[PDB]
Amino acid sequence: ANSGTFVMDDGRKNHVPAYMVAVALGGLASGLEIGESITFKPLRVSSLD
Amino acid sequence: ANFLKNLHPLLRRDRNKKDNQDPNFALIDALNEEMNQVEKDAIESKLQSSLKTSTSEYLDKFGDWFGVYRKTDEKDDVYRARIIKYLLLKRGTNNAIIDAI
């Protein structure tokens with residue numbers, strides 16, 4: 001549901017829709033071990049709409 | 001101008017790709033500019049310690065040492081030539097009097 005702004009390391013403030021947030025959740029979950037969950041994990045987002 | 005060479009090794013010497021507005025590079029290049037300008041001035045300062053290559057104020061110091069004072073609108077080259085001539089003045093003969101006249 002959430003959409004927000006991701007501050008790129010390049011300095012551009014990427015005010016992006018919600019599917020980029022879903023990309024961030026998928027990139028977080030891909031690094032987590034089998035059986036773990038993204039619940040209560042940080043998202044590393046600057047702000048939300 | 002060995003400021004970057006004798007700087008702490010871990011500090012960056014190059015403007016970082018990730019940020020064009022890197023304040024570390026800005027400060028370092030500022031200090032480096034001042035260091036190189038002072039080195040340049042110190043190299044150029046040798047010209048003031050020689051009568052041949054001296055200029056306005058230091059040349060006036062030389063002429064005050066020799067006893068010869070700068071005239072109105074008298075440049076450096078003619079002034080040093082006049083000092084040199086004043087030191088090498090022949091005196092006591094007809095030719096010297098004729099030249100003085």
# chains A, B, ... in the order shown; residues from 1 in each chain; ligands from 1

call {"tool": "interface_residues", "arguments": {"of": "chain B", "to": "chain A", "cutoff": "9 Å", "atoms": "only C-alpha atoms", "output": "list in words"}}
result
residues 17, 18 and 19 of chain B

call {"tool": "write_last_selection", "arguments": {"atoms": "N, CA, C and O atoms", "output": "compact mmCIF listing (two decimals), in the first residue's frame"}}
result
# COMPACT_ATOMS: atom_id res chain seq x y z
N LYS B 17 33.33 10.22 -6.60
CA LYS B 17 32.34 10.08 -7.66
C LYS B 17 30.92 10.21 -7.12
O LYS B 17 30.06 10.82 -7.77
N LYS B 18 30.66 9.65 -5.94
CA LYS B 18 29.30 9.59 -5.40
C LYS B 18 28.68 10.96 -5.15
O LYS B 18 27.45 11.05 -5.04
N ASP B 19 29.49 12.01 -5.05
CA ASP B 19 28.97 13.34 -4.73
C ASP B 19 29.85 14.37 -5.42
O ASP B 19 31.04 14.48 -5.12

call {"tool": "residues_around", "arguments": {"residues": "residue 4 in chain B", "least_positions_apart": "4", "cutoff": "9 Å", "atoms": "only C-alpha atoms", "output": "PyMOL selection string"}}
result
chain B and resi 8-9+13+28+32

call {"tool": "write_last_selection", "arguments": {"atoms": "N, CA and C atoms", "output": "mmCIF file, in the first residue's frame"}}
result
data_model
loop_
_atom_site.group_PDB
_atom_site.id
_atom_site.type_symbol
_atom_site.label_atom_id
_atom_site.label_comp_id
_atom_site.auth_asym_id
_atom_site.auth_seq_id
_atom_site.Cartn_x
_atom_site.Cartn_y
_atom_site.Cartn_z
ATOM 1 N N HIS B 8 47.462 13.183 6.004
ATOM 2 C CA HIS B 8 47.146 11.911 6.651
ATOM 3 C C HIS B 8 46.730 10.884 5.597
ATOM 4 N N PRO B 9 47.356 9.693 5.550
ATOM 5 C CA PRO B 9 47.177 8.830 4.367
ATOM 6 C C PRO B 9 45.743 8.394 4.116
ATOM 7 N N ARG B 13 42.285 11.983 -1.434
ATOM 8 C CA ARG B 13 42.924 13.014 -2.243
ATOM 9 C C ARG B 13 42.098 13.435 -3.454
ATOM 10 N N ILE B 28 40.163 20.481 0.987
ATOM 11 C CA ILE B 28 41.530 20.071 0.695
ATOM 12 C C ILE B 28 42.092 20.873 -0.471
ATOM 13 N N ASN B 32 45.180 23.437 -0.496
ATOM 14 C CA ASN B 32 46.232 23.161 -1.466
ATOM 15 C C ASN B 32 46.501 24.368 -2.357
#

call {"tool": "closest_residue", "arguments": {"among": "B:21, B:1, B:62, B:12", "to": "residue 43 in chain B", "atoms": "only C-alpha atoms"}}
result
B:1

call {"tool": "atom_distance", "arguments": {"atom1": "CA of residue 63 in chain B", "atom2": "CA of residue 79 in chain B"}}
result
8.4 Å

call {"tool": "residues_around", "arguments": {"residues": "residue 8 in chain A", "least_positions_apart": "2", "cutoff": "12 Å", "atoms": "only C-alpha atoms", "output": "PDB file with N, CA, C and O atoms, in the first residue's frame"}}
result
ATOM      1  N   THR A   5       9.359   8.347  -0.690  1.00  0.00           N
ATOM      2  CA  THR A   5      10.579   8.871  -1.285  1.00  0.00           C
ATOM      3  C   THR A   5      11.802   8.115  -0.780  1.00  0.00           C
ATOM      4  O   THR A   5      11.968   7.931   0.430  1.00  0.00           O
ATOM      5  N   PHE A   6      12.643   7.676  -1.710  1.00  0.00           N
ATOM      6  CA  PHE A   6      13.925   7.047  -1.410  1.00  0.00           C
ATOM      7  C   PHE A   6      15.031   8.007  -1.830  1.00  0.00           C
ATOM      8  O   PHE A   6      15.110   8.399  -2.999  1.00  0.00           O
ATOM      9  N   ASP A  10      23.153   8.856  -4.922  1.00  0.00           N
ATOM     10  CA  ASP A  10      23.596   9.843  -5.895  1.00  0.00           C
ATOM     11  C   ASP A  10      23.132  11.253  -5.554  1.00  0.00           C
ATOM     12  O   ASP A  10      23.637  12.208  -6.153  1.00  0.00           O
ATOM     13  N   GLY A  11      22.194  11.406  -4.615  1.00  0.00           N
ATOM     14  CA  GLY A  11      21.674  12.697  -4.222  1.00  0.00           C
ATOM     15  C   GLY A  11      20.301  13.015  -4.770  1.00  0.00           C
ATOM     16  O   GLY A  11      19.674  13.973  -4.299  1.00  0.00           O
ATOM     17  N   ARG A  12      19.810  12.240  -5.737  1.00  0.00           N
ATOM     18  CA  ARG A  12      18.470  12.449  -6.267  1.00  0.00           C
ATOM     19  C   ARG A  12      17.425  11.887  -5.315  1.00  0.00           C
ATOM     20  O   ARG A  12      17.497  10.717  -4.912  1.00  0.00           O
ATOM     21  N   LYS A  13      16.429  12.713  -5.007  1.00  0.00           N
ATOM     22  CA  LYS A  13      15.303  12.328  -4.163  1.00  0.00           C
ATOM     23  C   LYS A  13      14.281  11.621  -5.043  1.00  0.00           C
ATOM     24  O   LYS A  13      13.502  12.264  -5.751  1.00  0.00           O
ATOM     25  N   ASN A  14      14.296  10.293  -5.010  1.00  0.00           N
ATOM     26  CA  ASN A  14      13.429   9.481  -5.861  1.00  0.00           C
ATOM     27  C   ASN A  14      12.052   9.356  -5.214  1.00  0.00           C
ATOM     28  O   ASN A  14      11.785   8.428  -4.450  1.00  0.00           O
ATOM     29  N   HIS A  15      11.166  10.313  -5.500  1.00  0.00           N
ATOM     30  CA  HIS A  15       9.765  10.215  -5.086  1.00  0.00           C
ATOM     31  C   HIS A  15       9.073   9.273  -6.062  1.00  0.00           C
ATOM     32  O   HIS A  15       8.725   9.665  -7.179  1.00  0.00           O
ATOM     33  N   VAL A  16       8.858   8.037  -5.629  1.00  0.00           N
ATOM     34  CA  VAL A  16       8.552   6.924  -6.526  1.00  0.00           C
ATOM     35  C   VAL A  16       7.225   6.307  -6.109  1.00  0.00           C
ATOM     36  O   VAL A  16       6.836   6.377  -4.930  1.00  0.00           O
ATOM     37  N   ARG A  44      14.514   1.194   5.397  1.00  0.00           N
ATOM     38  CA  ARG A  44      15.556   2.110   4.930  1.00  0.00           C
ATOM     39  C   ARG A  44      14.986   3.141   3.957  1.00  0.00           C
ATOM     40  O   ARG A  44      15.623   3.508   2.967  1.00  0.00           O
ATOM     41  N   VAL A  45      13.775   3.608   4.237  1.00  0.00           N
ATOM     42  CA  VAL A  45      13.102   4.604   3.410  1.00  0.00           C
ATOM     43  C   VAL A  45      13.216   5.946   4.115  1.00  0.00           C
ATOM     44  O   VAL A  45      13.231   6.004   5.353  1.00  0.00           O
ATOM     45  N   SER A  46      13.312   7.027   3.335  1.00  0.00           N
ATOM     46  CA  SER A  46      13.425   8.343   3.953  1.00  0.00           C
ATOM     47  C   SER A  46      12.072   8.866   4.422  1.00  0.00           C
ATOM     48  O   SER A  46      11.950   9.354   5.551  1.00  0.00           O
TER      49      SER A  46
ATOM     50  N   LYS B  18      30.659   9.653  -5.940  1.00  0.00           N
ATOM     51  CA  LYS B  18      29.304   9.589  -5.403  1.00  0.00           C
ATOM     52  C   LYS B  18      28.682  10.957  -5.155  1.00  0.00           C
ATOM     53  O   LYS B  18      27.455  11.048  -5.042  1.00  0.00           O
ATOM     54  N   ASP B  19      29.488  12.012  -5.047  1.00  0.00           N
ATOM     55  CA  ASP B  19      28.973  13.340  -4.730  1.00  0.00           C
ATOM     56  C   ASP B  19      29.847  14.375  -5.421  1.00  0.00           C
ATOM     57  O   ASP B  19      31.039  14.478  -5.118  1.00  0.00           O
TER      58      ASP B  19
END

call {"tool": "residues_around", "arguments": {"residues": "residue 3 in chain A", "least_positions_apart": "5", "cutoff": "12 Å", "atoms": "only C-alpha atoms", "output": "PyMOL selection string"}}
result
chain A and resi 14-25+43+45-49

call {"tool": "write_last_selection", "arguments": {"atoms": "N, CA and C atoms", "output": "mmCIF file, in the first residue's frame"}}
result
data_model
loop_
_atom_site.group_PDB
_atom_site.id
_atom_site.type_symbol
_atom_site.label_atom_id
_atom_site.label_comp_id
_atom_site.auth_asym_id
_atom_site.auth_seq_id
_atom_site.Cartn_x
_atom_site.Cartn_y
_atom_site.Cartn_z
ATOM 1 N N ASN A 14 14.296 10.293 -5.010
ATOM 2 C CA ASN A 14 13.429 9.481 -5.861
ATOM 3 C C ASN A 14 12.052 9.356 -5.214
ATOM 4 N N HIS A 15 11.166 10.313 -5.500
ATOM 5 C CA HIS A 15 9.765 10.215 -5.086
ATOM 6 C C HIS A 15 9.073 9.273 -6.062
ATOM 7 N N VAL A 16 8.858 8.037 -5.629
ATOM 8 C CA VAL A 16 8.552 6.924 -6.526
ATOM 9 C C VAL A 16 7.225 6.307 -6.109
ATOM 10 N N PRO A 17 6.521 5.613 -7.045
ATOM 11 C CA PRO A 17 5.253 4.969 -6.673
ATOM 12 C C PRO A 17 5.464 3.736 -5.805
ATOM 13 N N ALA A 18 4.387 2.987 -5.549
ATOM 14 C CA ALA A 18 4.422 1.903 -4.577
ATOM 15 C C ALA A 18 5.100 0.645 -5.095
ATOM 16 N N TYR A 19 5.212 0.458 -6.413
ATOM 17 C CA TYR A 19 5.842 -0.766 -6.887
ATOM 18 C C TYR A 19 7.348 -0.731 -6.693
ATOM 19 N N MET A 20 7.957 0.459 -6.621
ATOM 20 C CA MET A 20 9.366 0.522 -6.259
ATOM 21 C C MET A 20 9.558 0.126 -4.804
ATOM 22 N N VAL A 21 8.578 0.447 -3.957
ATOM 23 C CA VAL A 21 8.605 -0.010 -2.573
ATOM 24 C C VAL A 21 8.514 -1.528 -2.529
ATOM 25 N N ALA A 22 7.681 -2.104 -3.399
ATOM 26 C CA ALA A 22 7.604 -3.555 -3.502
ATOM 27 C C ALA A 22 8.921 -4.138 -3.985
ATOM 28 N N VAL A 23 9.633 -3.416 -4.854
ATOM 29 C CA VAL A 23 10.962 -3.866 -5.248
ATOM 30 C C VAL A 23 11.885 -3.865 -4.042
ATOM 31 N N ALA A 24 11.736 -2.886 -3.150
ATOM 32 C CA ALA A 24 12.613 -2.826 -1.989
ATOM 33 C C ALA A 24 12.300 -3.955 -1.020
ATOM 34 N N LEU A 25 11.018 -4.293 -0.867
ATOM 35 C CA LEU A 25 10.664 -5.443 -0.046
ATOM 36 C C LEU A 25 11.175 -6.736 -0.666
ATOM 37 N N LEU A 43 13.007 -0.786 6.610
ATOM 38 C CA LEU A 43 12.870 -0.626 5.169
ATOM 39 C C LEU A 43 13.867 0.363 4.575
ATOM 40 N N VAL A 45 13.775 3.608 4.237
ATOM 41 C CA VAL A 45 13.102 4.604 3.410
ATOM 42 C C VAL A 45 13.216 5.946 4.115
ATOM 43 N N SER A 46 13.312 7.027 3.335
ATOM 44 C CA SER A 46 13.425 8.343 3.953
ATOM 45 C C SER A 46 12.072 8.866 4.422
ATOM 46 N N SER A 47 11.040 8.757 3.587
ATOM 47 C CA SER A 47 9.740 9.315 3.926
ATOM 48 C C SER A 47 8.666 8.549 3.164
ATOM 49 N N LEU A 48 7.420 8.693 3.622
ATOM 50 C CA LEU A 48 6.270 8.017 3.030
ATOM 51 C C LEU A 48 5.168 9.035 2.784
ATOM 52 N N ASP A 49 4.346 8.768 1.764
ATOM 53 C CA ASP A 49 3.313 9.727 1.385
ATOM 54 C C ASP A 49 2.219 9.816 2.440
#

call {"tool": "select_by_dssp", "arguments": {"residues": "chain A", "states": "helix (DSSP H, G or I)", "output": "PyMOL selection string"}}
result
chain A and resi 18-30

call {"tool": "write_last_selection", "arguments": {"atoms": "C-alpha atoms", "output": "mmCIF file, in the first residue's frame"}}
result
data_model
loop_
_atom_site.group_PDB
_atom_site.id
_atom_site.type_symbol
_atom_site.label_atom_id
_atom_site.label_comp_id
_atom_site.auth_asym_id
_atom_site.auth_seq_id
_atom_site.Cartn_x
_atom_site.Cartn_y
_atom_site.Cartn_z
ATOM 1 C CA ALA A 18 4.422 1.903 -4.577
ATOM 2 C CA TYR A 19 5.842 -0.766 -6.887
ATOM 3 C CA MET A 20 9.366 0.522 -6.259
ATOM 4 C CA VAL A 21 8.605 -0.010 -2.573
ATOM 5 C CA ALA A 22 7.604 -3.555 -3.502
ATOM 6 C CA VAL A 23 10.962 -3.866 -5.248
ATOM 7 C CA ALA A 24 12.613 -2.826 -1.989
ATOM 8 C CA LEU A 25 10.664 -5.443 -0.046
ATOM 9 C CA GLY A 26 11.616 -8.074 -2.609
ATOM 10 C CA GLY A 27 15.275 -7.114 -2.399
ATOM 11 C CA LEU A 28 15.079 -7.282 1.385
ATOM 12 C CA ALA A 29 13.374 -10.677 1.402
ATOM 13 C CA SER A 30 15.780 -12.151 -1.161
#
